[PDB]
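A.B. asks: Take this structure, written in structure tokens, and hold onto it; I'll ask about it next.
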Amino acid sequence: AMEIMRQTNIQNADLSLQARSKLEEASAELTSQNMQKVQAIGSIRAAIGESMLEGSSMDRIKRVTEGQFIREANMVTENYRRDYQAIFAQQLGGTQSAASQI
Amino acid sequence: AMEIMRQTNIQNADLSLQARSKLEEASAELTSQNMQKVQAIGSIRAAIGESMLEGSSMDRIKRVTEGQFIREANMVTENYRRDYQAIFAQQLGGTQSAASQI
Amino acid sequence: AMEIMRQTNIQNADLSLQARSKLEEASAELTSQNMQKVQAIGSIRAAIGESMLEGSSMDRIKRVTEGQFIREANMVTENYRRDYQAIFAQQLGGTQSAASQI
Amino acid sequence: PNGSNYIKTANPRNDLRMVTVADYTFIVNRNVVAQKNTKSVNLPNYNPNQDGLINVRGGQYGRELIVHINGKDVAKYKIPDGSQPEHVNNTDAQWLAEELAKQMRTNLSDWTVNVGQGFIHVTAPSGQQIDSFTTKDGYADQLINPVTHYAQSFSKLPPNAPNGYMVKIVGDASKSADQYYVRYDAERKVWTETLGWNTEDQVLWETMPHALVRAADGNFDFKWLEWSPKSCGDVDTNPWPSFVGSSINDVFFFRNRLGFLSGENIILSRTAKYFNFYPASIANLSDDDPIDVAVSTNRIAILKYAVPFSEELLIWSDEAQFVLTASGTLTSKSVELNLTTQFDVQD
Amino acid sequence: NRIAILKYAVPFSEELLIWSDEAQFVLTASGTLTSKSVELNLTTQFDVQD
């Protein structure tokens, strides 16, 4: 039973390490989408500053593309949170089966 | 037999959680196709409003593309319903085999 | 032996359900190729009607593209029939091995 | 119908400028300014606080449920971790909700509690709001998602909801780019964007341009056109038309869209529907959006008149003349204004 | 912008011309004439009679 608890806890720590790697690669994905967002919104300013349109509807389009990037960021972080739910629940269920056999 | 009932029921609850995930990601797919549909039908209204065609045949082409997107939505929800049939029948068969061994 | 025959028959009914899903998704593939075919042959009529060439050779080219799509349909239905042969023969071999063990 | 007050002026000629497009000839008074109608707000003071939807999701068997109500725990039930095939009912959606909701009723009746196939709804307590709504049931909250009225994305919005509701999806507070309001309508399972909390949807109407139309009976009716309600969330995100302070100086049907030349703004109504002036939809650009543009140039310029022409409207202003030209679908994206002449004009 | 009865039409070749009482419009489509490409233009304004 000591070997069993040690093995299940090592698997749990492995899963937590997986969660760490997942969060940091999600951070690398978020920052890459950011690195795309900066260029995009820079292009958009450039456009607006050059045509003399100067309008609320013109600002509206800037806000539209900004909301697009924000939505993608939200999709990315929701993906991360779902993966976290998956791995947590998985380690939980494993610990439960091991506890029942114990 | 108690351990067996509990294990099969935990697997069934896992499958139900899976069904919940399937439905919400299907909702995220439907809403994304919607987010495409809005831009498409906006472009179509722009076209029709600008050419002075003023025709039922134009109205027909708008209805054609609208039906395109509606068929697409029906396709994705049919995919979801087939996946639901699959997972339900799978958990049912598993419970049946466990009941026979019990 | 009763459990064995029940299990093999449940697997066979699962395979028949797979055959049902296969035929209906093949129907959805055929109808989609049809939905492409209608647009294609409409474009072809438009072309032929426009020029005033009035040629048997243009009738020939229309028949050529029509035969293209017909061969495509025959290809997909042949794929379906091969898959049906595969699943049938598979369930037959399984039932045979189970019968030998019985 | 609806009076004839708008037409009156001391000098009819200078002030009443009009255009004609068959069914409805639009008569627009230069003199009378528009006003937002604040006596008709859609959402008076939507109480964001009162209602929370306890999401009903999968149980996960043994993981117990603790659901704080108004920050106070009253919802405690632990799923019977019993093997029995009959015992498996312990986790289905309706039953779990019932267990939890009746329990909410026991603690206090100030808030009314309900069961829905997908949800448990707290009716607003009459004077006391949910000061804070939180819950940690199960390891990852995989059973109950508190949803509130504010959430992170298109995701995390409950699947079934009451016949009317409001959810504002916000990316972050400082940038309002992704803010829009979503309402669930029950009859068709759908979620739609309807105007959000506390913003009125209509100008006073009377003050706006009135329209002269001809009845089918051969007599003519002066009438107030039914200008469109905005139907989008928040005052800031769906900008007020912005001709409201100003007189509507001339009215013009450039392209197919209706248009008002305002004090400094070409407010052009959505291009293919004549009267839906406010932005059609908040978070997805639609080229059938109206174009509200101001010709800043380098000198604030009032826009005195406009001439429709064909492919491109010309805008004449006191100290310069500018041409707005877009061959492609006239859209907010392609306006392309040019300042190309400098002769003067007078009143 | 004005309901116009269409009095006559003249076939021509590439593009039919439509003559109406108060304006003359040309329907032109070089590509396959289709609902998609009609492209009507109002380009002249002389009058016609019955």
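A.B. asks: Please give the calculated 222 nm ellipticity per residue for chain B, where each DSSP H segment of at least 4 residues contributes -39500 (n - 2.57) and the sum is spread over every residue; nearest 500 deg cm²/dmol? Please report the intermediate quantities before stating the final value.
C.D. replies: Numbers: 2 runs with 96 residues, N = 102.
Taking each H run of at least 4 residues, the total per residue is -35000 deg cm²/dmol.
A.B. asks: Run the dipole for chain D about the Cα centre, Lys and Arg Cβ at +1, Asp and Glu Cβ at -1, nothing else charged, and hand back the magnitude in debye, nearest 20. Please report the intermediate quantities before stating the final value.
C.D. replies: Details: 30 positive and 40 negative charges, 62 e Å.
My answer is approximately 300 debye.
A.B. asks: While we're looking at this one, here's another question. If the cut-off is a Cα-Cα distance under 21 Å, which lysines reach D:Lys168, setting aside same-chain residues fewer than 8 apart in sequence?
C.D. replies: A:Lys62, D:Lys156, D:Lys189, D:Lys230
A.B. asks: Within 10 Å of each Cβ of D:146-159, how many other protein chain Cβ atoms are there on average? It would help to have the intermediate numbers written out before the result.
C.D. replies: Values: counts 0, 0, 0, 0, 0, 1, 8, 10, 10, 13, 4, 3, 1, 4.
Whole-number average of other-chain Cβ neighbours for D:146-159 is 4.
A.B. asks: In debye to the nearest 20, how big a dipole does the protein assembly as shown give about its Cα centre with +1 on each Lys and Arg Cβ and -1 on each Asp and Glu Cβ?
C.D. replies: 1020 debye
A.B. asks: Please compute the alpha carbon radius of gyration of segment E:2-50, then divide it by the globular-protein estimate 2.2 N^0.38 Å. Two decimals is fine. Working shown, then result.
C.D. replies: Values: Rg = 11.3 Å, N = 49, 2.2 N^0.38 = 9.7 Å.
For segment E:2-50, the normalised Cα radius of gyration comes out at 1.17.
A.B. asks: Can I ask one more? If I take every Cα pair under 8 Å that is 6 or more residues apart in chain D, average their sequence separation and divide by the length, what percent do I get for the relative contact order? Please list the in-between numbers first.
C.D. replies: Details: 791 pairs, mean separation 54.3, N = 347.
The value is 16 percent.
A.B. asks: Indicate the gyration tensor shape class of segment D:294-337 (rounded, prolate or oblate), computed on the Cα atoms with a ≥ b ≥ c the square roots of the eigenvalues: a/c under 1.5 is rounded; otherwise a/b larger than b/c is prolate and the rest oblate.
C.D. replies: Working: a/c = 2.90, a/b = 1.52, b/c = 1.90.
In terms of gyration-tensor shape, oblate.
A.B. asks: Residue by residue through D:58-65, how many Cβ atoms from other chains fall within 10 Å of the Cβ on average? Intermediate values should be presented prior to the final figure.
C.D. replies: Values: counts 9, 3, 8, 8, 7, 4, 0, 0.
The shielding value for this peptide is 5.
A.B. asks: Something else now. Is there a quick way to get the dipole size of segment C:37-77? I mean about its Cα centre, with the Cβ of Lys and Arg at +1 and of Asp and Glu at -1; what is the value in debye to the nearest 20? Display every interim value, and only then the final one.
C.D. replies: Numbers: 6 positive and 5 negative charges, 26 e Å.
Dipole about the Cα centre, nearest 20: 120 debye.
A.B. asks: Which net charge results for the neighbourhood of A:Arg71, defined as the other residues with beta-carbon distances under 11 angstrom from its beta-carbon, given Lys and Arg at +1 and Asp and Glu at -1? Spell out each step's value before the answer.
C.D. replies: On the way: positive: none; negative: A:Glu66, A:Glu72, A:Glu78, D:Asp178.
After counting each charged neighbour, the total is -4.
A.B. asks: Choose one of C:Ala89, C:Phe69, C:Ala99: the residue whose Cα lies farthest towards the positive end of the charge dipole of segment C:59-102 (beta-carbon charges +1 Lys, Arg; -1 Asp, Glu; about the Cα centre).
C.D. replies: C:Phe69
A.B. asks: Would you mind getting the Kirkwood hydrodynamic radius of the protein assembly as shown from its Cα pairs, rounded to one decimal in Å?
C.D. replies: On the way: mean 1/r = 0.0319 Å⁻¹.
Its Kirkwood hydrodynamic radius stands at 31.3 Å.
A.B. asks: Can you give me the orientation-averaged projected area of the convex hull built on the Cα atoms of segment C:7-84, in nm²?
C.D. replies: On the way: hull surface 21.6 nm².
Over every viewing direction, the Cα hull of segment C:7-84 projects on average to 5.4 nm².
A.B. asks: Something else now. Counting partner chain Cβ atoms within 10 Å of every residue's Cβ in A:70-80, what's the average?
C.D. replies: Details: counts 11, 11, 1, 5, 10, 6, 1, 3, 8, 2, 0.
Mean partner-chain Cβ count within 10 Å for A:70-80: 5.
A.B. asks: Using only alpha carbons, build the gyration tensor for segment D:9-93 and give me the equivalent ellipsoid semi-axes, biggest first, whole Å.
C.D. replies: Numbers: eigenvalues 889, 71, 9 Å².
Output for segment D:9-93: semi-axes of 67, 19, 7 Å.
A.B. asks: Could I ask something else about it? Which distances, shortest first and in nm, link A:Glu72 to the matching position in the other copies, using label points set 7 Å out along Cα to C-beta?
C.D. replies: 1.8, 3.2
A.B. asks: In Å and from the alpha-carbon atoms only, list the Rg and Dmax of segment D:100-243.
C.D. replies: Cα-based Rg and Dmax for segment D:100-243 come out at 21.3, 74 Å.
A.B. asks: Which of the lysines could a cross-linker bridge to D:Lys223, judged by Cα under 29 Å and excluding same-chain residues fewer than eight apart?
C.D. replies: Within the straight-line cut-off, D:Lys223 pairs with D:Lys8, D:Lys36, D:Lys39, D:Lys273, D:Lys304.
A.B. asks: Full extension from D:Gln129 to D:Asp15: what is 0.36 nm times the residue separation minus their Cα-Cα distance, to one decimal in nm? Don't jump to the answer; show the numbers that get you there.
C.D. replies: On the way: separation 114, 0.36 × 114 = 41.04 nm, distance 5.30 nm.
Taking D:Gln129 through D:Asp15 to full extension adds about 35.7 nm, to one decimal.
A.B. asks: Which of D:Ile130, D:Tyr24, D:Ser231 sits farthest toward the positive end of the charge dipole of chain D, with +1 on the Cβ of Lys and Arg and -1 on the Cβ of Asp and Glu?
C.D. replies: Sorting the options by dipole projection puts first D:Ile130.
A.B. asks: Can you give me the pair-distance distribution of chain D, C-alpha pairs, 20 Å bins, whole percents?
C.D. replies: Whole-percent P(r) values from 0 Å outward: 25, 40, 24, 10, 0.
A.B. asks: List D:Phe275, D:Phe322, D:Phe220 from most exposed to least, where exposure is judged by having the fewest other Cβ atoms within 10 Å. Can you show the working numbers first?
C.D. replies: On the way: D:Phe275 15, D:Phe322 21, D:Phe220 11.
So the residues, fewest neighbours to most, are D:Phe220, D:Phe275, D:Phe322.
A.B. asks: Now for a different question. Using a cut-off of 10 Å between beta-carbons, work out the net charge of the residues near D:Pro279 (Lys and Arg +1, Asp and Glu -1, D:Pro279 not included). Let's see the in-between values first.
C.D. replies: Values: positive: A:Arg60, D:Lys230, D:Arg270; negative: D:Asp289, D:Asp292.
Residues close to D:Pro279 contribute a combined charge of +1.
A.B. asks: Follow-up question, since we're still on this one. Is the C-alpha gyration tensor of segment D:32-158 telling us rounded, prolate or oblate? Criteria: a/c under 1.5 is rounded; beyond that, a/b larger than b/c is prolate, otherwise oblate. Show your work: numbers first, answer last.
C.D. replies: Values: a/c = 2.81, a/b = 2.18, b/c = 1.29.
Prolate.
A.B. asks: Going by how many other beta carbons lie within 10 Å of each one, how would you line up A:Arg82, D:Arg57, B:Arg60, fewest first? Spell out each step's value before the answer.
C.D. replies: Values: A:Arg82 15, D:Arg57 22, B:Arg60 10.
Ranking A:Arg82, D:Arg57, B:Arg60 by Cβ neighbours within 10 Å, fewest first, gives B:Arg60, A:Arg82, D:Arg57.
A.B. asks: Hey, another quick one. How about D:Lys102: which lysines have a C-alpha closer than 21 Å to its C-alpha, ignoring those fewer than 8 places off in the same chain?
C.D. replies: Of all the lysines, those that pass the test against D:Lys102 - Cα under 21 Å, at least 8 places apart if same chain - are D:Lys72, D:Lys76, D:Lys78, D:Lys136.
A.B. asks: Looking at the square roots a ≥ b ≥ c of the eigenvalues of the Cα gyration tensor of segment D:208-282, which shape do they give, rounded for a/c under 1.5, prolate if a/b is larger than b/c, or oblate? Could the numbers behind the result be given before it?
C.D. replies: On the way: a/c = 1.98, a/b = 1.62, b/c = 1.22.
Cα axes put segment D:208-282 in the prolate bin.
A.B. asks: If you rank D:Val19, D:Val307 by fewest surrounding Cβ atoms within 10 Å, what's the result? Walk me through the numbers before you get to the answer.
C.D. replies: Working: D:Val19 17, D:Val307 12.
Exposure proxy ranking, most exposed first: D:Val307, D:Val19.
A.B. asks: Still on this structure, I have one more. Would you mind counting up the charge near B:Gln7? Only other residues with Cβ under 13 Å from its Cβ, with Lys and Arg at +1 and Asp and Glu at -1. Could the numbers behind the result be given before it?
C.D. replies: On the way: positive: B:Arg6; negative: B:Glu3, B:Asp14, D:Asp81.
Spelling it out: positives minus negatives among the neighbours equals -2.
A.B. asks: Determine the calculated [θ] at 222 nm for chain D from helices alone, applying -39500 (n - 2.57) to every DSSP H run no shorter than 4 residues and normalising by the residue count; nearest 500 deg cm²/dmol. Write out the running numbers ahead of the final one.
C.D. replies: Working: 2 runs with 19 residues, N = 347.
It comes out at -1500 deg cm²/dmol, rounded to the nearest 500.
A.B. asks: Which whole-number percentage describes the relative contact order of chain C, with Cα contacts under 8 Å and a sequence gap of 6 or more? Present the calculation step by step, with values, prior to reporting the outcome.
C.D. replies: Numbers: 29 pairs, mean separation 54.4, N = 102.
Over chain C, the number comes to 53 percent.
None of the figures in this text is laboratory data; all of them are computed from the coordinates on show. FYI the Cβ positions are ideal-geometry reconstructions off the backbone, even for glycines, and counts take in every protein chain you see.
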